[PDB]
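See structure below.
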Amino acid sequence: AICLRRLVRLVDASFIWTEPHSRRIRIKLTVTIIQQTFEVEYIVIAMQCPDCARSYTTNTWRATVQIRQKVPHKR
Amino acid sequence: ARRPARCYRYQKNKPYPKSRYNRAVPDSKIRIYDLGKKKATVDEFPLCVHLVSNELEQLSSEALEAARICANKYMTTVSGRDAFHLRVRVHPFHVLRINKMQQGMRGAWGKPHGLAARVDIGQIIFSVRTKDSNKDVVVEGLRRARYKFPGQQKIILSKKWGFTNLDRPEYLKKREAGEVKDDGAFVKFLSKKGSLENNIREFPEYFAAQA
Amino acid sequence: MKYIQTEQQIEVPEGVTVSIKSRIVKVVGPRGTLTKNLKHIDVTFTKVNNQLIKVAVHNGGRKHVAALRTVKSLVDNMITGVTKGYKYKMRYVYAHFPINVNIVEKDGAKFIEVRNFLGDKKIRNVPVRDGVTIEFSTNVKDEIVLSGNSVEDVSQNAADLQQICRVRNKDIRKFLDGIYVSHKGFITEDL
Amino acid sequence: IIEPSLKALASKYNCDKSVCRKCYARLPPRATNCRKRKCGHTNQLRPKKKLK
RNA sequence: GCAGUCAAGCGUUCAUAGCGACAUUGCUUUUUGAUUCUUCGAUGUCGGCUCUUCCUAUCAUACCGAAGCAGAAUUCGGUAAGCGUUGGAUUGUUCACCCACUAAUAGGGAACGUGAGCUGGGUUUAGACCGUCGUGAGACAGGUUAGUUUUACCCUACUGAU
Ligand SMILES: [Mg+2]
Ligand SMILES: [Mg+2]
Ligand SMILES: [Mg+2]
Ligand SMILES: [Mg+2]
Ligand SMILES: [Mg+2]
Ligand SMILES: [Mg+2]
Ligand SMILES: [Mg+2]
Ligand SMILES: [Mg+2]
Ligand SMILES: [Mg+2]
Ligand SMILES: [Mg+2]
Ligand SMILES: [Mg+2]
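Residue numbers (the UniProt record's numbering), protein chains in the order written: chain H, 83 to 89, 95 to 118, 126 to 169; chain F, 2 to 102, 112 to 221; chain L, 1 to 191; chain S, 77 to 128.
Written out as structure tokens, the structure is:
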């Protein structure tokens, strides 16, 4: 997903270890006759993802099926 | 999941404990309440220090959890992990509700959210018993437990002996004679009333007048 | 708490003669004369017997007292200045480019002219104050000497030169190039 | 030419200092408080970083 | 959304240069909810074009302080809103996403600025087609095509003029 949004073809793609809560990722990219390995950093940014926000606004489910039957003993 | 602690701060609603009507409630964040050297005799740890609340408030179950770790973590590293006995007096029983959801208020009663305490002015939250020399570590240990709570609380040096209901000299008056004996964690005292047959079985040092 | 009265003692030597009306402190001595307005401070000077003067504060707070001890020192330093005089020595520091300093005239004002500080084309002028006397020290390399009656003038005239030579957009921990005040002293020896 | 005396001469002014953690201000070496009133005269100071 | 406080883990040694989890204390009304006080003898209901002004929570531009600042190239913080912040491909779009120039392509407000200032692509009358639904009349906030934008000469304000 990150390599796809980089903005030559490429030989390989692997990534280094940045730290669990340190909002950053770093990744390395190897790319007719010249081979070149260079490294890139990605700032991670936090926000909301609509469905979750929708959970706090009461009307979460957004379609209901109310099945029913008038009998005391339902077979 | 968690709302801010400013919302469920003050004692508004009635006591709403777990029972056959509420039934479903989440597990408490705090689990073990006694820490340090909790298989220790009464003569070992005389000097007692409290952490006293100065506000009628609710302390949530995760406010005590973060407070209990930081007080223990400082006291374990500095003075050693068997130089004290920390006791968290406060148990969280009160269940908080949240209205997590045809219309808005057209049918509105909330689900259970979490457990919290109900603390009162002058109530003891943390109680620590220690040696005479190891005071300053206990005072500075409870200082960092204070930042994790809301409101106002204060530290007090107790005049009593350990966890006993007795003063410094009054315990020493009765312990010299055969009037006190060890229970296990706490302690047992002699009684003038009761059967005289089993007042002689236990307390063998009393009834002698010699040594 | 308000102190009922506090006082200090300005100890005058044999040579000088200190005059005071309102709070204008004249001090005539061997090197020259010095004057100072103290009308901002609120204290009472009181003579006792020529070679001793008392400064006083009555019903003074904490901060009011503090200043009373300052006024003693300023009046002490005029006395030491007009008798002994003040003398500050500064040194130049460099690695590659040597700093070229020279006194130059411009409408009869006299300026210290610092040239080639760290490879710069901008010429740096520092105007020489009234009373202070600058001289470049012989037989001590890259040294300069300022001297006169006032400390307030000499020290400021040195610090001006100190502050005209700053290094911008570099690591000053490394680029330690400048003109720095090495020794503060008096002109006369013995005392 | 660094020179042992002139290095210590210059380093007196530039390196031998301290710093307010809040306002980043450049203080004397044995200061308790910051002199700036924007950061409430804080006592949370540190020494200036040495070079190598 | 924005800000502290405490600081877990990181940052080869090293808590606090800098990244920064979780807790605990706040501010905002540029989000969305909750409510129904005002308006149903009607306050023109999206966006764009045009044009002024204000906020700073400052992207650039001036002067500074810190750095795990040799230099170059950066990162963090202070005063400061004085001065600037673009041309295009696709979409009715806000938003989004790309190409290009640049010193910089910062964020917001002013009846979610502005229809007797315009436009009318969008939504939201009547015509018409499809799909699913319904026995049927018909439903669809699903897709698609065509569809009237009225009045200043009054008082005030602003601009000029006796
Ligand atoms: Mg109403
Ligand atoms: Mg009307
Ligand atoms: Mg109108
Ligand atoms: Mg500002
Ligand atoms: Mg266009
Ligand atoms: Mg509008
Ligand atoms: Mg209008
Ligand atoms: Mg119109
Ligand atoms: Mg139609
Ligand atoms: Mg059909
Ligand atoms: Mg149309």
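All residues carry an ideal CB built from backbone N, CA and C; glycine is no exception.
query                                                                                                                          : result
Rounded C-alpha distance that separates S:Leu82 from L:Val93                                                                   : 6 Å
Within-8 Å CB hit, L:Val93 to chain S                                                                                          : yes
Length of the line joining the Cα atoms of F:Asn55 and F:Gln162                                                                : 5 Å
Any C-beta of chain L under 8 Å from that of S:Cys115                                                                          : no
Cα-Cα separation, F:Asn144 to F:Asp35                                                                                          : 19 Å
F:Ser137 (DSSP reduced to helix, strand or coil)                                                                               : strand
Sequence-distant residues of the same chain with beta carbon closer than 7 Å to L:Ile10, five excluded per side                : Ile53, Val55, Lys72, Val75 and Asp76
Candidates L:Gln8, L:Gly178 and L:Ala67, of which the one nearest L:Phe97 by Cα                                                : L:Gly178
Any 3 or more C-beta pairs closer than 8 Å across the stretch 178 to 185 of chain F and the stretch 16 to 32 of chain F        : no
Beta-carbon contacts of S:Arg102 that lie in its chain and below 7 Å, excluding the five residues immediately before and after : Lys93 and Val95
Per-residue burial, F:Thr140 [other beta carbons within 10 Å of its own, 16 or more giving buried]                             : buried
Close-in-space but distant-in-sequence residues of the same chain around H:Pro144 (CB under 8 Å, 5 per side omitted)           : none
Residue burial classification, F:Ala72 (beta-carbon count within 10 angstroms, cutoff 16)                                      : buried
Own chain partners of H:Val138 with C-beta closer than 7 Å, once the 5 adjacent residues on each side are dropped              : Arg110, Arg111 and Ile112
Residues of the stretch 85 to 103 of chain S whose Cβ lies closer than 7 Å to any Cβ of chain L, in chain order                : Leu85, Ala86, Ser87, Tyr89, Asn90 and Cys91
Enclosing alpha helix (DSSP H) for L:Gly119 [first to last residue]                                                            : Premise fails: L:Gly119 is in no alpha helix (DSSP H) and is neither H nor E.
Span separating the alpha-carbon of H:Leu89 from that of F:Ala6                                                                : 44 Å
Cβ shell of L:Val12 (< 8 Å), same chain only, five flanking positions each side left out                                       : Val18, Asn50, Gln51, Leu52, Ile53 and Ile79
Assigned secondary structure, L:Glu113 (DSSP; H/G/I helix, E/B strand, else coil)                                              : strand
Cβ-based burial, L:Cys165 [other Cβ within 10 Å; buried from 16]                                                               : buried
Classification of L:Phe117 by the beta-carbon crowding that lies within 10 angstroms, buried from 16 upward                    : buried
Contact list for H:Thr152 against chain F, beta-carbon separation under 7 Å                                                    : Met102 and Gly114
Where the stretch 134 to 167 of chain L meets chain S: residues whose CB sits under 7 Å from a CB there                        : none
Meets three-Cβ-pair contact criterion under 8 Å: the stretch 209 to 218 of chain F and the stretch 34 to 51 of chain L         : no
6 Å Cβ shell around L:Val145 - same chain, five flanking residues per side excluded                                            : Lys89, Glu135 and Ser137
Three-way DSSP call (helix, strand, coil) for L:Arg91 in this model                                                            : strand
Span of the alpha helix (DSSP H) around L:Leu74                                                                                : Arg62 to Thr83
Beta-carbon neighbours of L:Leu176, restricted to chain S and to distances below 7 Å                                           : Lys83, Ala86, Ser87 and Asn90
Cβ-Cβ separation, L:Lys84 to L:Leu191 (assumed contact under 8 Å), whole Å                                                     : 6 Å
Chain S contact for L:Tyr180 (CB, 8 Å cutoff)                                                                                  : yes
L:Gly185 versus L:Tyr86: straight-line alpha-carbon distance, rounded                                                          : 6 Å
Test: L:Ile4 CB closer than 8 Å to a CB of chain S                                                                             : no
Per-residue contacts from L:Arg173 into chain S (C-beta, under 7 Å)                                                            : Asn90, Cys91 and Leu127
Distance, F:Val53 Cα to F:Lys164 Cα                                                                                            : 5 Å
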